[PDB]
Amino acid sequence: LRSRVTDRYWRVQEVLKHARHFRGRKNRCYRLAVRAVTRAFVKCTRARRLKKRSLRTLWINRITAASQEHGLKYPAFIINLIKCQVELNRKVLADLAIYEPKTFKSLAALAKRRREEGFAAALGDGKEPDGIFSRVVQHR
Amino acid sequence: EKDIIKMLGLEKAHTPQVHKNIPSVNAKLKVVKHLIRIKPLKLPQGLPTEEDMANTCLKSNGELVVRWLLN
Amino acid sequence: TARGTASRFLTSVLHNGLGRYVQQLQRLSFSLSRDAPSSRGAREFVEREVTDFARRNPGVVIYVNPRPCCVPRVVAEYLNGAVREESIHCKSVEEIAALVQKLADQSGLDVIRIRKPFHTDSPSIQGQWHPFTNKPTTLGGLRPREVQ
Amino acid sequence: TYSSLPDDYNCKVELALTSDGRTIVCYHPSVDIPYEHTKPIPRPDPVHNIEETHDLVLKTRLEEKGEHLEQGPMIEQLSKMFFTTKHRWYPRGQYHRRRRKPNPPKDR
Amino acid sequence: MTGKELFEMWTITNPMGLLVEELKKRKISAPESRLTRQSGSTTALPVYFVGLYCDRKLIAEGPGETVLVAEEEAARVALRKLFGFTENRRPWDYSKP
Amino acid sequence: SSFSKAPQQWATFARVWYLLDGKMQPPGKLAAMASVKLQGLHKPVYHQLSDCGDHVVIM
Amino acid sequence: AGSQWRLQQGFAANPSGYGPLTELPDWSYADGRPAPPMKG
Amino acid sequence: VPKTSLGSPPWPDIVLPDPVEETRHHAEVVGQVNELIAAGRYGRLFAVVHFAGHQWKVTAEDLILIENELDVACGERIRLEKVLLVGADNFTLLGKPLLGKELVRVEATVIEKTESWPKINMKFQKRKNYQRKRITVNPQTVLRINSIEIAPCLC
Ligand SMILES: [Mg+2]
Ligand SMILES: [Mg+2]
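Chains as they are written, first to last, in our numbering: chain A, 8 to 147; chain R, 12 to 82; chain H, 877 to 1024; chain W, 2 to 109; chain X, 83 to 179; chain S, 9 to 67; chain G, 123 to 162; chain C, -9 to 145.
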C-alpha cells in the first residue's frame, strides 16, 4: 500500500501567503520563504512586547515637550502631580497635552504650585503649616 | 538559600507572607536575611473575628486593617 | 502579521448605538444532513435551540435546509452586506450555540488589525495644540530683531 | 491675585480646592489677543503687465510666463525651496510604486 | 451629521460678506482683519493667523498658508461662533421624553 | 477650536523659526537646545515619522 | 514613579494595589442594578 | 548684605498667599464654577475614565474597544463609575483620585461583542530545533459612550 502526499500544494500555500510581500526570491521559493516567514513571526512577537515600551517612551517625550513649554521639567511635573493624588497614566496625560492645551496648563499650574508648597514646607522647618494642596485625603 | 526561601513560602517575589517570631523560624530567616524584607505585623483594630474575615486588608506600613470599605 | 495583512480604523456601521441599537446580524442559514454523523450536533441544535434562539432575536431570519451534505455550514449575513461563512461540522450542541451567539453579536465589519482602540470625531474640545498656542504675544507684534 | 503661571498666554488659570477637600476645580477661560499686540494686514497688489497701446495684449502678457530646466538643477532649486536634501526628489522604482496601497484607511 | 462641519454641507463661497450682513443684523459694525501670528513670509510654507476685530475686541481667528486664505478662515470661524455651530457646542440629545 | 480641517492641520504642523544668540555661550549648551528644536522634540505632537522640526538660526 | 511618597502616606507603592481605584466596581447598569462582581 | 554669585540661591524667591485668604478665594471660585454648571453654560464635556484596567479620554458619541469580555447584552446601557477627570472648554474637575458619583455620570452603550483578529506568537531558538507557533484570538467588546452629564452639586 503506497501512500503519497496528495495535498502538498496547500501545505505550501499556508507558508507562502505570509511571504507574498517580501522582496527577492524569498517571496516564491518555499525553502527561502519558510525561513523568512518564521523569522517574520519571531520578529513580530518580540516587537509585540517592544511596542508597549516604544509607545510609553513616545508619551513621555510628548509630556516633556508639553511641560517644558510651561517652564516645568518632566520629573517635577509628574511626581508633583502624584503628590496631589492625581493618578493619570502617561497615555492620557500626553493626549491632554495635545488635544486639551488648557486643562494641561491647569495640571501644570497645579504641579508647579504643589512643588513650591513642598519647598516652602521643607525650608519652613515646622509641622504647623499644611499647604492647601499638600493635604492628603482618605477614601470615603 | 534557595531551599530556605522555598520552605518559607517566599517563592513569589514582592508578595507578603506571615510567620511566627519564634526562634525556629528566626534561624532560617537569619540565613536568608539579605534576600528579604522583614517588618512587624501590627493590629490597630486587633485580631479579626469570624465576621471580619472577608473585610480584612493588609496595608503597606505593615498593618492589618479589619474593616475595609464600609458603605 | 500586521505589515502582512490589511487594516481598518475602529468604526460602527451607521453609527450604531448612538441613537438606538440595531442588531446587525440579518439572516442565518443552516445546511445539514438528516443522515450524516458529521451533522449530529447541528441536528440537535436545530431541535432544541434554534426555536428559542429565534424568539430571543426577532430581527434575524433563520433558514434551515436539510440536504445531503458532508459538511454542515452556517452562513451569517449582515446588514452591512457582509457575508461570513462558518462550519458547524462535527461540534456539540453547546459549541454551536456559542458560535451562533458570536455571530449574533458581531458587527459584520471585517476582522483585521484595528489600528487604534478608540474612535473620536472631535477629540479636540477646547482646542488643538499648535506651535503658537502656548507662546506669548508681544507689543506691536514685532519679530525678534525687528525695529519700528 | 496669585497664579503659578503667567496669564500672558493661553488661558488665565484659577485653582480652587473644594471645601470637602476631595475635588480640585480649575477655571480656565481663554485669553484673547489684545489689539495693541497685532499689526495691520500686509496689502500688496500691483499690475504693470499693461501696455497702454494694446490691453488684450496686456492680458496676454500675464499668460506669458513659463520655463523648463534639467533634472539636476530643478532638484537643487526644489530642495532649496523647502529646505530639504536633494535625495527626496528623485523617483522610485517599479517595485516600490507598486506596493503603495491603492486605498489607505481614513480616520475622522 | 456626526463629525461633520457646517461649511462642509453649506458650501457658501464668500464668508466675509455673509459675516458683514449677519453683523449688520446684530447691530455690530465693522470686522477688521488684523494679522496676529505669522511664521516665515519668505518661505514656500508660511503660516498666518489672522484675527477679526470688532471695536478692538477679538471675535474670531484663523490659520492659513496665505494671508487671504487665513482672513477667509477667520471669517468662517466667526460665522461658526455666531451661528452656534461649533466644536465645543452641546452634542445632540438622544433621550426619551 | 473651530477651524476647517485643512487650515487646522496646517496650523498644527507649521514650521517655526527660532533665533538663538551665540555670544559668550558654550557651543555645547547651544547645540543642546538647537538639537531639541531641530528634531521638533519641543512639540507635543512630536513623532519620528512626522517631518516636524523647526528652523534654528544661530548668530 | 513616586512609590516612596505613596509609601510614606500609607497607600500601596503601586496605585494598582488595594486603593479605591482598583477595589470599586468600575461599572453598573443604567437602571442602577449592580454589575456581576469582578474576577480580580 | 553682600552679594556673591553663590550666597543667593539661583532661583526666584517664592511667596505663597496666606491660607485664610486662599480658603476664601477657593470657596469663591468654586461658587463661580458651580454657577456655570447650574446654568448649563458648559458646551461639551470630555472625561478621563478608568475602566477594564485602562484609562481613557472619552467624550459623547465616541467609541472604545475593550480588550476583554464584559457580561452584558448588546444594547445595554452602563454607567462607567470611576471618573478621574471631567472637563469642558472653560473649566475642569479633578479627582483625588476620583470624582464623587453625585458629581458626574457617564453612560456608555455596548454596541458589539466580537473577537480579535488572529495574533501569531512564535518562539524560536537557534540550532536547538525548537519552534512553537501559537495563534491567539482575544474576545473583544466595543462600547459607544453615550452621554457625559454633570450635576450642579459641588462645594
Ligand atoms: Mg505583558
Ligand atoms: Mg492576572
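Just so you know, even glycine gets a beta-carbon here, dropped at the ideal spot from N, CA and C.
Every unbroken beta strand (DSSP E) inside the stretch 33 to 74 of chain R [3 residues or more]
Those beta strand (DSSP E) runs which fall completely within the stretch 33 to 74 of chain R and span 3+ residues are 68 to 70.
Run the CB neighbour count on C:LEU35, radius 10 Å, all protein chains shown included, and call it buried at 16 or more, exposed below.
buried
Compare the beta carbon distance of X:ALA157 and X:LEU140 with 9 Å and say whether it is the shorter of the two.
no
Do R:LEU40 and R:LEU69 come within 9 Å of each other at the CB atom, strictly closer than that value?
no
From what residue to what residue does the alpha helix (DSSP H) around X:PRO97 run?
97 to 107
What are the complete beta strand (DSSP E) segments, minimum 3 residues, inside the stretch 9 to 42 of chain C?
36 to 41
Confirm, please, whether the CB-CB distance from H:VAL937 to H:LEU979 is below 9 Å.
no
H:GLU971 (DSSP reduced to helix, strand or coil):
helix
Relative to the C-alpha of A:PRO108, which residue among H:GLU923, H:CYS966 and H:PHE1008 is closest?
When each option's Cα is compared against that of A:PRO108, the closest is H:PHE1008.
For S:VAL24 and C:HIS44, I'd like the C-alpha separation in whole angstroms.
36 Å
A:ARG56: CB within 8 Å of a non-hydrogen atom of ligand 1
A:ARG56 Cβ: within cutoff of ligand 1.
Provide the residue span of the beta strand (DSSP E) that contains A:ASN87, from first to last.
First-last for A:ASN87: 81 to 89, but that is the alpha helix (DSSP H), not the beta strand (DSSP E).
I want to check one thing, is the minimum distance from the CB of G:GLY139 to the heavy atoms of ligand 2 below 8 Å?
Checking the 8 Å criterion, the Cβ of G:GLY139 is out of range of every heavy atom belonging to ligand 2.
Just confirm the distance between the C-beta atoms of C:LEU60 and C:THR126, as a whole number of angstroms; I'd bet it's less than 8 Å.
Not a contact, Cβ separation roughly 19 Å.
Is the stretch 73 to 92 of chain C in contact with the stretch 914 to 934 of chain H, if contact means three or more CB pairs nearer than 8 Å?
Proximity of the stretch 73 to 92 of chain C to the stretch 914 to 934 of chain H falls short of the contact definition, fewer than three beta-carbon pairs being nearer than 8 Å.
Helix, strand or coil at W:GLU68 [DSSP, three-state]
DSSP places W:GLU68 in coil when its eight states are reduced to three.
Is any heavy atom of ligand 4 found at a distance shorter than 8 Å from the C-beta of G:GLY162?
Only ligand 1 and ligand 2 can be found as ligands here, which leaves ligand 4 out of the picture.
For G:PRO156, which residues does DSSP report across the bridge?
G:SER150, per the DSSP bridge assignment.
Span separating the alpha-carbon of X:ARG116 from that of W:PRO35:
11 Å
Chain A beta carbons: is any one of them nearer than 9 Å to that of H:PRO999?
yes
Measuring only the C-alpha atoms, how far is C:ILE56 from C:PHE41?
9 Å
Is the CB of X:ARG119 under 9 Å away from at least one CB in chain H?
yes
What residue from A:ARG120, A:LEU65 and A:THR64 has the CA that sits closest to A:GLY78's CA?
A:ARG120
Please report the distance separating the alpha-carbon of W:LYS87 from that of X:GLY85.
Spanning the two alpha carbons is a distance of roughly 40 Å.
At the level of alpha carbons, what is the spacing between X:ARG138 and C:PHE81?
Taking the straight line from one Cα to the other gives about 26 Å.
Answer yes or no: do residue 146 of chain C and H:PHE906 have a C-beta to C-beta separation smaller than 9 Å?
This structure does not reach residue 146 of chain C, given that chain C is present from -9 up to 145, and the question cannot be answered.
According to the Cβ coordinates, are X:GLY144 and X:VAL159 closer than 9 Å?
yes
Close-in-space but distant-in-sequence residues of the same chain around A:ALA26 (CB under 7 Å, 5 per side omitted)
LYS33, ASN34, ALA40, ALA43 and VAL44
For chain B, check one thing: does any of its Cβ atoms lie closer than 9 Å to the Cβ of W:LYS13?
In the structure shown, chain B does not exist; the protein chains are A, R, H, W, X, S, G and C.
Starting from the Cα of A:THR110, find the closest Cα among W:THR2, W:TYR3, W:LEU16 and W:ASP9 and give me that residue.
Checking every option, the nearest Cα to that of A:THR110 belongs to W:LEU16.
Determine, for W:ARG109, whether the minimum Cβ-Cβ distance to residues of chain H falls below 9 Å.
Residue-level contact check: W:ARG109 touches chain H, since one or more beta carbons of chain H fall below 9 Å from its beta carbon.
Would you mind stating whether X:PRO113 and X:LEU100 have Cβ atoms separated by less than 9 Å?
no
With a cut-off of 8 Å on the beta carbons, I'd call H:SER888 and C:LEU70 a contact; round off their distance for me.
Actually they are not in contact, since the Cβ atoms of H:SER888 and C:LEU70 sit about 18 Å apart, beyond 8 Å.
Under three-state DSSP, which class holds W:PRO43?
coil
Span of the beta strand (DSSP E), counted from its first residue to its last, around C:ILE135
129 to 140
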